Every structure is written in C-alpha cells, then in structure tokens.
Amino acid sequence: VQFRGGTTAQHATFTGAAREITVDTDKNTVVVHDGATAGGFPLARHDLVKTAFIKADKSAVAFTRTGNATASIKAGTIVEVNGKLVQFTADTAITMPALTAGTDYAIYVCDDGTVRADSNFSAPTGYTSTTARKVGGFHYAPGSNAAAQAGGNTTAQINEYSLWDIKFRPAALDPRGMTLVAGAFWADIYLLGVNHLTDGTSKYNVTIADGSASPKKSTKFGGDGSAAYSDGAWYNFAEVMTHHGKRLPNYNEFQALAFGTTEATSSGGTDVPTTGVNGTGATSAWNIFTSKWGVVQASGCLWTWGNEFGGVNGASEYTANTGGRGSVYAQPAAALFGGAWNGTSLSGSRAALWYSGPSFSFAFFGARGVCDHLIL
C-alpha cells in the first residue's frame, strides 16, 4: 500500500480528510490530516532527535549512589541510542565492572536497554560506540568523602559528588577526576600532576607538580609534550589550568572545596610527592585531608596557587620576572591556599598566604583546578 503523496509545495494548499495520512516526498515523512488544516501535521524523522537525553529532574545528576560499589540510573530517564528509545521508569541498577581505586568510569546506556559502567571512555566491553552511548560517569575514589571535619577513610568507593552526566557536569574540557562542591562548582579531586598532558589535571597515584617538579609545558602554549617549565611560577600553573579549561581556585571556592578536611593539621615530614598517597615521612595519612566532597589532599599537603591577587606587593618599578613576557609594576602577591606539609596548625580550608609574587617558585607550591557547574 502506497499512500497519496506530494511535494511540500503541493501539500501547502492541500487539506486531507480527517485521519488521512499522506507522504511529503520532499521531506520523506508522514503528514497527518484533520480535514481542516491546510498542509496537515508533518511528523518528525527520528534523526532529528538523535542524542536526545531527558531526565525527570534536570536539576540533579541522572544517577544515584546506592552503595560503595553500586549505583542506579534514575526513574524517568529517556535516552536516544542507535535509533532507539531506551528508558527507565524506575531506578535501575547500573551493571558494574571490577572497580579499581582511583579510577574514572564512564556510564553507557546501550541499545539493548542495559546501563553499564566501564573504564574505557570509548565503549564498554562487548559493545561499540554505536550500540553503547556514553551518558555520564564517576570517580571510584581511594577512600570515603568526609562525614564531618576529620577527613575520610581508605575504603575505595564511588564518590557520589563525582557523578556527572552529559547535562549535569563540569564546564571543563574533560569531566574526569572532578567533584561537585555544594552543587555550585567543580573541583579537581587531585592536585595537578607533572604529566597532565597525558593524564589530565586530576589523576590518582601520579607525581605532584610543584616548584621542584615543574609541570609539562602546555602544548597549547608552545610545549612539545616533553619539555617542562623552568620553574613553578603562578604563571605556569595558571597556563596549565587554562589549557584544560580550568582555573585556579579563588578564596570562596577554596574554603568550599576543602570543607571536611581535618583543620589545623598538616601532612608532616619532608614532601608530598604523589597524589592520593601518603607524604614522605608523613605523620598524617593522606585521607586525613579528604574533604566532604572527596577532594583529596585538600589542605595541609601542598599550597595551591589561587586566581586572586592582593597582599604584599613587589617593587614599585618595572620588573622583568615573567619568563620573558614583559614587566610588572607594584605586582601584588598571588594567593596561595590550604597550607602544606610543613604547616602544622596553620593549614586548613581557609589557610591563605599572600606573600608570594606570581614569579615565585617553591617545592611546596602547586595547584588544583576548578571550573563552573553546567546544568543543561
């Protein structure tokens, strides 16, 4: 059976009988008629809804943490995948792989109706990127979020605040390794690593960048992927954050992201070389410094440069201390937040040092990234 048909122009002056269907041959779609409306009611081709993703509560992430190693997709979630409508009318368990501490996972909704996590960010095992659609993810952290203001534990588990979906997520170039602070903005779970080009800015069990272990030079700002900066100036850390679509924290962000850490406490010892791992000679284990949001080594480990200027000024004369990119006059300090391993009682979620010019470089000054929260 072939329906009556015509071009869009032919349809424009045509009114079909009530409940008659015609085919618009310019559009290759069905047109429903009501006996009254010239041109009828053309229907949508499926490919105009490709990538549809509809949640019942758009103000919250699509997933709920149900236990340390379990999570569900929320009732009322509708997902287009590979030409099909896949939906969930009740909270539905996400099928999990083996989960490994300090690893990011992608959540896929698949055209067979299943929802599954995988460490692979292209496709989950057994599927392709056509049959499995990446819709979100989470961080499987090396320890719990802080329940109060005494840090967290060392039991690996899903960080509920690290759950993201394609419409509830960091406004950074990659969402991995970040956590949502107070529903307001996202912070890197880990201090910036040296190898951030390969690892992203926030990765577990990597060498921390600082004045004596400078980060790789950004490949968006003249780097070749091998060269590192000459030192740990604010300038270099700010440049690295920009590369990744992030920024250094301001004071309002810092006090929020670090809340839950053990206040007035520092790592001790002589160094903090590695993310999510005890410091060298540390008297407090790394988890003492986990925030409510699961920010790791949030205070008392390494100062983070901040995106705010004020405090002690440099000389009231033009000074060429920018790495060959011009001179500065009466340059205010750039903020440093959180304290470092040698800070004893001075460290905490509001610890702030306003002495250091942006050209300064020290083994206890590094960086943590933040970015805005995006709800679509």
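Note that residue numbering begins at 1 and tracks the sequence as displayed.
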{"item": "Given 122-130 and 154-162, the range whose Cα B-factors average higher in the PDB entry", "value": "122-130"}
{"item": "Stretch with the higher entry mean CA B-factor, where the candidates are 71-79 and 219-227", "value": "219-227"}
{"item": "Top residue by Cα temperature factor, when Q297, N252, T198, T262 are compared in the entry", "value": "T198"}
{"item": "Residue selected from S212, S202, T179, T304 by maximal Cα B factor", "value": "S212"}
{"item": "CA B-factor ranking of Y318, expressed as a third of its chain", "value": "highest"}
{"item": "Where the record places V1 (Cα B-factor, split into thirds across the chain)", "value": "highest"}
{"item": "Entry-reported Cα temperature factor of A351, expressed as the chain third it lands in", "value": "lowest"}
{"item": "Assigned third (lowest, middle, highest) for the C-alpha B factor of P97", "value": "highest"}
{"item": "Within-chain third of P332 by Cα B-factor, per the entry", "value": "lowest"}
